[PDB]
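Presented below, as structure tokens, is a lone chain in the form solved without the ligand.
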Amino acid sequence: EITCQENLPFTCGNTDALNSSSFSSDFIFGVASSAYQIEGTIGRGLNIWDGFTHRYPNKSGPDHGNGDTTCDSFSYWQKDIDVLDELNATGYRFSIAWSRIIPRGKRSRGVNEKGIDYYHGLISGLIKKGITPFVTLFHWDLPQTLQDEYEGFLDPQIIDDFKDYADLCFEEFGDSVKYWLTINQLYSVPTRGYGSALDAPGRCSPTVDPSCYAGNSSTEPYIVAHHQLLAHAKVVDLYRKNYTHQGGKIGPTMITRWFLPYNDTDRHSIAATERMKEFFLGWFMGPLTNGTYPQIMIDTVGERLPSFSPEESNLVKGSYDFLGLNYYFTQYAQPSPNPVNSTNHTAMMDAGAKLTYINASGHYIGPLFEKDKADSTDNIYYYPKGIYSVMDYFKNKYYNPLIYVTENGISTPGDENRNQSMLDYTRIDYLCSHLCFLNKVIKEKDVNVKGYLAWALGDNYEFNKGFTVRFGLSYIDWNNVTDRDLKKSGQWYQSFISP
């Protein structure tokens, strides 16, 4: 019988008690990254994260940081491989920058051969060290031209441009890459990019944020989410019909959270909690498993919710071989009004829930996850059991899928000095406590989880935060980015992997 801790102090950093041998022999362990966050702009065209961070510098991070140079994995990709080799990692998730291989967005406009060569060399280097690539086609970095031509995922033109991009990736890299992710965290671009305008492209209703250049936070999230699902599904169909000879697998990436009632004896909070599962997870998993949106969304969102035609429904339903599930934290849910006629209405209000990290009796859900220095009542707290609850839920609700955990990690402040930054015991505690619960759910519930990729390989540009937080298991000096030095967490993870 497995017992896992939910509260500090944690004792799961002892590799005598928890290590890779605790999991099945074939289980993949590694780390993850994304292209905007690590590569730099050298050698690629411009994308909407360049555009957004440059047009709206205060939204890029408090330091106005951006991905212009970052850790320079364009130059230092071998050093990334070296970190993975030091870890004895068996997996690495990275993304392909669309703007690096098709700078002009649309494939008929030409490809960048040198960009293709960059990923060929990375892939070959990974495989030579026994590391399985998990490759994200689209980690938010849409070529700027496509956003300017037709507003990107707002328009159905995205589907064929994404398909042609993906086809190039399968053609060039699929002989070696056997695990593909389509779109990173399906929920995020619709809500943050087109709802709150916290993320690229930065569209919203005028009274939500007067700096947005255009948008409608009540309608556009739904349009964009719908186009994401269709573009994803078209790419999965292309893969499975035209690239079956490659013997690989493809799936979407979900951001997952668990949800608990703010008041577990209050029917209204219980109802809000179940609505959140539907609106947060079901928005995408309903279509992916059934070809339809959840009934509560149909009912609430009404005419703002697009319909799938019968052909589209069939294309989207079952459009995955596996799911990449990202998991960071869990929230308490309580009821909240949905003011659909307000000029500041957002799609996120349609769930009719307010989310917190403290419940009605004052209990904080778990240890600190992210401190918010402008408003401490907005601090985020984590909940290790949430990974158990999420995986169990996916197995039970969503037809026993094959799952890879494609991100899990925690930040430390960029205000810490290097010695403090390397002494990242809070990261060991977060990672081990989640791995304990992941082992527990695999054993107890028989969830088909086959790998785990921690966020992040190394310090990088963090969306929305610049360089003001660090997520890496290896440390990067922003004054001289060449080295990636394993932190205490990376050293722990090395021992966990090879105990």
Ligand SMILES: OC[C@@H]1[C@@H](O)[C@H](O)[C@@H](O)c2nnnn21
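The first residue of the shown sequence is 1; numbering continues from there.
- When the two stretches 81 to 89 and 232 to 240 are set side by side, the higher mean Cα temperature factor goes to 81 to 89.
- Look at the mean CA B-factor for 292 to 300 and for 335 to 343 in the entry; the higher one is 335 to 343.
- As recorded in the PDB entry, 58 shows the highest C-alpha B-factor of the residues 58, 66, 33, 448.
- Highest CA B-factor among 261, 143, 310, 287, as stated in the entry: 310.
- When the CA B factors of the chain's modelled residues are split into thirds, the value for residue 437 lands in the middle one.
- Sort the chain's modelled residues by C-alpha temperature factor and residue 419 lands in the highest third, per the entry.
- Residue 463: CA B factor lies in the middle third for its chain, per the PDB record.
- In the PDB entry, a CA B factor belonging to the middle third of its chain's modelled residues is recorded for residue 357.
- When the CA B factors of the chain's modelled residues are split into thirds, the value for residue 278 lands in the lowest one.
The protein also exists as the form solved in complex with the ligand; that form is not presented, and the subsequent description refers to it.
- At the 4.5 Å threshold, heavy atoms of residue 407 reach the ligand in the deposited bound form.
- Residue contact check for residue 471: one or more of its heavy atoms lie within 4.5 Å of the ligand in the deposited bound form.
- Not displayed here, the ligand is approached by residue 37 to within 4.5 Å at the level of heavy atoms in the deposited bound form.
- Contact check for residue 328: a non-hydrogen atom falls within 4.5 Å of the ligand in the deposited bound form.
- Figure note: of the listed segments 415 to 423, 182 to 190, 150 to 158, 123 to 131, the one touching the ligand in the deposited bound form, with heavy atoms no more than 4.5 Å away, is 182 to 190.
- For the residues 388, 119, 140, 162, the 4.5 Å heavy atom test against the ligand in the deposited bound form is passed only by 140.
- Residues of 452 to 484 placing a heavy atom within 4.5 Å of the ligand in the deposited bound form, in sequence order: 455, 462, 463, 471.
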